[PDB]
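Taking it in order: structure first as structure tokens, then the write-up.
Number of protein chains: 2
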Amino acid sequence: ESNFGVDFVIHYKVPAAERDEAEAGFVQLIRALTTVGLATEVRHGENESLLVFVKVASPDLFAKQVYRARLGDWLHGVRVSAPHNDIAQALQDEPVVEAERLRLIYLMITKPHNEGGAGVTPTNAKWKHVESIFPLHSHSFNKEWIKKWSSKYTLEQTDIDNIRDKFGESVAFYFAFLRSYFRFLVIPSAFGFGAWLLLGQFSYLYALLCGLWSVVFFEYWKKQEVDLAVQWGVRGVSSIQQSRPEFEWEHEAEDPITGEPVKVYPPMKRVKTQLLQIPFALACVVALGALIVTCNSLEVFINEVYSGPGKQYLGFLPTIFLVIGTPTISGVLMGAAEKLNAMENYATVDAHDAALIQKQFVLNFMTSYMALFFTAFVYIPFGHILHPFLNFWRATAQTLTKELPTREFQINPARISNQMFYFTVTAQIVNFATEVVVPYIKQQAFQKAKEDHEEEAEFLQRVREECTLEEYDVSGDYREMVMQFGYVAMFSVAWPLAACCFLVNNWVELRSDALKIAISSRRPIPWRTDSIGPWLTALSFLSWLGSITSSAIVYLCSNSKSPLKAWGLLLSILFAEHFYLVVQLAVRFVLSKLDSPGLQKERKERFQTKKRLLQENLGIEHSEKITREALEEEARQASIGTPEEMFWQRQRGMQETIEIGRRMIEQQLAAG
Amino acid sequence: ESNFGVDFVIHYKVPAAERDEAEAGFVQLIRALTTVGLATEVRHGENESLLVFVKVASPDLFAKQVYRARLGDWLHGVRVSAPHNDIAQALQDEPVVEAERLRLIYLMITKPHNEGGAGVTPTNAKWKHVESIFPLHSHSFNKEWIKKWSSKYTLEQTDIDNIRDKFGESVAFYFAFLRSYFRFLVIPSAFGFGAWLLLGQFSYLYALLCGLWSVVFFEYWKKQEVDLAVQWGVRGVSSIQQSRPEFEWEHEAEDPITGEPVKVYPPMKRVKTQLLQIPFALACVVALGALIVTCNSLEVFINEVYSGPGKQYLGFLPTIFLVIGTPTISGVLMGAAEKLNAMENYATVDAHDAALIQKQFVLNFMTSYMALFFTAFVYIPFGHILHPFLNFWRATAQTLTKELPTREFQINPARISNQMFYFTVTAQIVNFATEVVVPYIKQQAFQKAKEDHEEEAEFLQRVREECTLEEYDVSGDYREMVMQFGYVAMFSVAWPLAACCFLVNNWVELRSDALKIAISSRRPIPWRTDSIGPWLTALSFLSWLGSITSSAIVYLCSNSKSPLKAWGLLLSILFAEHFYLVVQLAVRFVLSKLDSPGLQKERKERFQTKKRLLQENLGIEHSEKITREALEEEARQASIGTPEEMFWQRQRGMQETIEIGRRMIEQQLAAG
């Protein structure tokens, strides 16, 4: 049930061929881990591999090593508070959490051996036989985590802080985003259920409140982000993180901030490379868009105007062409994206994975919303643009076969409600099946398809089971939540119950993804991020586009429920987009004047640092001091200008100025 | 030529009536200035007033007093660098400038007597007889200032830093804004002269480059602002400035930043009062707009469709109705604005004068551009909307008098070029006459309309001359430059030579306003501001509106040079406004990656503070330390868990793990 004090486990895959190099690589690996001070073990792993088991040996050297990371964080302004002057008394004040313990151990195996650590990384290709380094789960905590989170209706903030201490910050930012998303989704569930019942379908008032809500949630989350970044001591860790070994520096220069020499790429040289991202995103709209629009041009052909026999066996024909093609074009375009991402030559390891997401966001934008963009902007408002597209499928279906039995085409206005019932109800049930029921049972189905001490027998059988699992990507669950936020901000005016059935989903997904860490994947390495990352631009882009395309839908679709004026679309676009930009200013003005406990905790600790530095260095009666200098300047010039100084030495003290002051007032009154 | 060491001069107006209170107020005034340590004098002032002459007496007490203001600035993060540990050695490193000297003396006469200073202020009404406190000019520097600035073609940055040391920062920010405006106006003068010569009038390409230029200049000025705010040590002085005595605090609470109790108004209570500003600005558009549009409806009536005799003597009739009415409605609306500004109850003294400008900006927006907004959006595109307005003036002119001789109305397209020739050429010549030639000669004409020691005779005649001048408002010259920037960003697509004749004007105005400080006004009190103030919103509003109304003009006016589609205006508005918002993101992304010497100088001094605080407190061989703990844990549990710890005590050292590691690999290969 409990681990044998193991922080990290290294797999070290050994093939039958090139074994002598793998033997020589083994003795180079195990010798390197003793230079950093890790007590090690070796056990029988899989059929051809050897799991080694490492832990930190001496706690007196480790507690000094954590203290340098505490001083190193406070040096670059990351930690808002300095540690105590006494060594290991600040460790008594705040103990070393499991996140900070596992992060520093992972550094000692991944530091590049120049300044510290032993460079055990798969990318260096000397340790090519090393598969992956991973920490072990604690089944005592994971059983207590899901049991505590299932009984409560809503999660307290101290529950997320329990996740930060165990699974790092980058995992804890997901649950802190999802809980702030699940609670803020009550508001468009409130009037959204009201706009479905009281108001009609496609109401302008709901599209104005949805655009108002999405900027309130986004600008409050940026305020809630800096409250957590200074609470967990993760304020601005983008400059901290260890640089990628593929960094191609032009020249080694001096860093003005740290005073320590760093590798430097010219930042304006990257921007001229970064402008290649714009033709990449434009080609991705053409590539993925032309797949979706013709598979939907086939889907409108089969279901409606094709009256041939057995269309239910033919209604599944276009969706097969999508699911065989939508990873194919994505597999091609991600191959171009990763070749483009190597060209931009990012410094830090997080910024390389961040810009990969920003390029992958264009693909996931097209594969999620182009079926809805085709319905609400081509099919239901216009329709007659599809008649050249519909006549093409009528021609080629005859060559597959008498005249093909067709019918006259009429625009069905219930398709936009029918497609939104799939994306918010049917897909979320399927996503609950394929993310929970599938990879849990497939892990048990792997158990059917398959010399040790009896005391460690169940433990080594547990760790060998844990090594087969895939490592957890927190970017994968961000993409499920941001794309779900796209359906609320953009297309929920068509189906105003979408915020309700997304609110029910997030209550499960906050516990479903919590279950996914425990039983479905190995424990991820406890990284640190100050923000959620590049999703803040993805949340802001869908919030702005959700102001335009929700006002365009309510104009184009409500006329079906007879000609629509072209300026009436452009005026309705211009007004609600300006209503978005106005209420973006008004909310950011109000939330600026609101009390922020994030920066106020920061600026107080910045102030009291300067007050402590000041006090250690510095540890009637005034009327004569005016006269005592007025007689001390006239003595040091009468030895020697004089027409200047005779203005001041005439009157000394206040009583000389009072009595000559009163004399001048009757001189001025009697002359008049 | 040179002053007699006088820092400040107090006027102290004395009337003939209530003289006994003014006598008792005099002895209360002169006694209060000796509590703070100011050496004083009394001289005969005007016909009924007494100029007193103050200076700081003892420099040993003053140099300690400046050092507290240097420590007080560095305490709240204003100064980026701490002063030296030795007293008066940091004064040797950087001397006390005339700005810092005159600011601290003005504080001692305006501090509210609770924590320091003597409360000599006219607003308290005990010192009602005090007219104004002002420092004296130095004619040696002012003659050298205009002579140096007339010979140079462009001003070096060290010339503006000479103004900061003498006239404070709030004056120096104007010349640092005007020089960054005069140099950035070369760029729309460059292609603007090109678009006038090569391209035709009302070109779309110039309207796209003008909107591109205005966001480049504005986002570079915000970058250049924080470079100057950390160079002169004015980084964020909004929290520093002394609160207004009219502050009506609800409750006295504790400040989290300083740890010192402050007066507190609830900030959300002010915002609910601040929403009254929106019906104020909407009423100001109706009030000032209805004056301008009917005086221009009269001006189109007299000049064009009225063929009566002597229209040149009647062509001056509508402009008389403007100049007698445009201060009348402004005098009424500023009376409502100042009664509204007292309602919002601002804390600091600068924020009260800042929000007064933001309310006055709506008046100066309407009195400057409504004549251009009426021409380009009512007269030249549509015209037939004016025929109800034109028929009203035709009816009432008959009642002033046979049928009145009229003619058929035709839209003259040269009026927009004729009105822009007034605003950029004729008004700037008149503004050069009324701001320079008028108040200089009127000061000499005051000299025609009009018992002392002979040695101070020309000096007291100089100071009595200086007391009659009005104090300099730097907000007045900001309004002349921001409204001029409105003609470039918004209406310069109609007359593309406007950036050229504004570039010639700013070369004079940078030396004209420099002359205006020296000979036309008394020296202003050296205040401090971190930014230019509320003009950054006024620059950003005209830059955004200049993207819309320049794209609307080029659509509506080029069709004259036959029907215009209504969507063609809305599409051309939507595209160039989106082109503004896109290039607002792209420039702010590029300028973020650019090297900023402002914040890099700040974060280095923040880092080296923490490095100095750290170092004063803190002032093969590793393979056995793994084994020495592995034998130190097995000794302290064999006295007594054991199935846990027996995993680790089996293998000690690296040579035990190597030899049992090699044994396991042939065990795994031979079994396969």
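Respectively, the protein sequence lines represent chains B and A.
Numbered per the authors' numbering, the first sequence spans residues 15 to 415, 419 to 467, 477 to 587, 595 to 652, 664 to 684, 688 to 719.
Numbered per the authors' numbering, the second sequence spans residues 15 to 415, 419 to 467, 477 to 587, 595 to 652, 664 to 684, 688 to 719.
Even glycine gets a Cβ: it sits at the ideal position worked out from N, Cα and C.
Burial state of residue i (16 or more Cβ within 10 Å)
i, result
"residue 685 of chain A", "Gap note for chain A: numbering proceeds from 684 to 688 with nothing in between, so residue 685 of chain A has no coordinates."
"A:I174", "buried"
"B:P596", "exposed"
"A:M516", "buried"
"B:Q445", "buried"
"A:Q464", "exposed"
"A:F330", "exposed"
"A:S154", "exposed"
Short CB-CB distance (under 8 Å) between residue i and chain B
i, result
"A:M701", "yes"
"A:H58", "yes"
"A:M711", "yes"
"A:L675", "no"
"A:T575", "no"
"A:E481", "yes"
"A:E55", "yes"
"A:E668", "no"
Residue-level contact to chain A via CB, residue i, 8 Å cutoff
i, result
"B:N355", "no"
"B:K236", "no"
"B:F22", "no"
"B:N61", "yes"
"B:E233", "no"
"B:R45", "yes"
"B:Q715", "yes"
"B:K27", "no"
"B:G19", "yes"
"B:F40", "yes"
"B:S382", "no"
Of the residues the options, the one placed nearest residue i, counting alpha carbons only
i, options, result
"B:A351", "B:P202, B:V580, B:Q291", "B:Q291"
"residue 4 of chain A", "A:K286, A:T563, A:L302, A:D100", "A question about residue 4 of chain A goes unanswered here, because the residues of chain A that appear run from 15 up to 719."
"B:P149", "B:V455, B:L65, B:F191", "B:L65"
"B:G502", "B:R548, B:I371, B:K467", "B:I371"
"A:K142", "A:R33, A:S217, A:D556, A:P280", "A:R33"
"B:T287", "B:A369, B:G225, B:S321, B:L312", "B:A369"
"A:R117", "A:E425, A:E677, A:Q436, A:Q255", "A:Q255"
"B:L192", "B:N435, B:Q171, B:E665", "B:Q171"
"B:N128", "B:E55, B:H98, B:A46", "B:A46"
"A:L651", "B:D100, B:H58, B:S16, B:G91", "B:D100"
"B:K542", "B:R554, B:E452, B:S577", "B:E452"
"B:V346", "B:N310, B:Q427, B:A297", "B:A297"
Short CB-CB distance (under 8 Å) between residue i and chain D
i, result
"B:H127", "In the structure shown, chain D cannot be found, because the protein chains are B and A."
How about the stretch 616-632 of chain B and the stretch 219-231 of chain B: do they share at least three Cβ pairs that are nearer than 8 Å? yes
Report yes or no: do three or more beta-carbon pairs, one from the stretch 253-265 of chain B and one from the stretch 341-361 of chain B, lie closer than 8 Å? yes
I'd like to know if the stretch 515-533 of chain A and the stretch 195-209 of chain A are in contact, where contact means that at least 3 CB-CB pairs between them fall below 8 Å. yes
Counting beta carbon pairs with one atom in the stretch 236-250 of chain B and one in the stretch 601-613 of chain B, are three or more of them shorter than 8 Å? no
Can you give me, in chain order, the residues of the stretch 246-269 of chain A that have a beta carbon less than 9 Å from any beta carbon in chain B? none
Using a Cβ-Cβ cut-off of less than 9 Å, give me the residues of the stretch 628-652 of chain A that come near chain B, in sequence order. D628, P630, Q633, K634, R636, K637, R639, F640, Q641, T642, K643, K644, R645, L646, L647, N650, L651
If contact means a Cβ-Cβ distance below 8 Å, which residues of the stretch 599-613 of chain B contact chain A? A599, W600, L603, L604, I606, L607
State whether the stretch 481-498 of chain B contacts the stretch 540-547 of chain B, with contact taken as three or more CB pairs (one from each stretch) at a distance under 8 Å. yes
Within the chosen definition, does the stretch 552-572 of chain A reach the stretch 532-543 of chain A through at least 3 CB pairs nearer than 8 Å? no
With three or more beta-carbon pairs closer than 8 Å as the criterion, would you say the stretch 384-402 of chain B touches the stretch 295-314 of chain B? yes
Quick one: which residues of the stretch 86-100 of chain B get their C-beta closer than 8 Å to a C-beta of chain A? List them in chain order. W88, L89, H90, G91, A96, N99
Does the stretch 70-81 of chain A come into contact with the stretch 26-40 of chain A, if we say contact requires no fewer than three beta-carbon pairs (one atom in each stretch) closer than 8 Å? no
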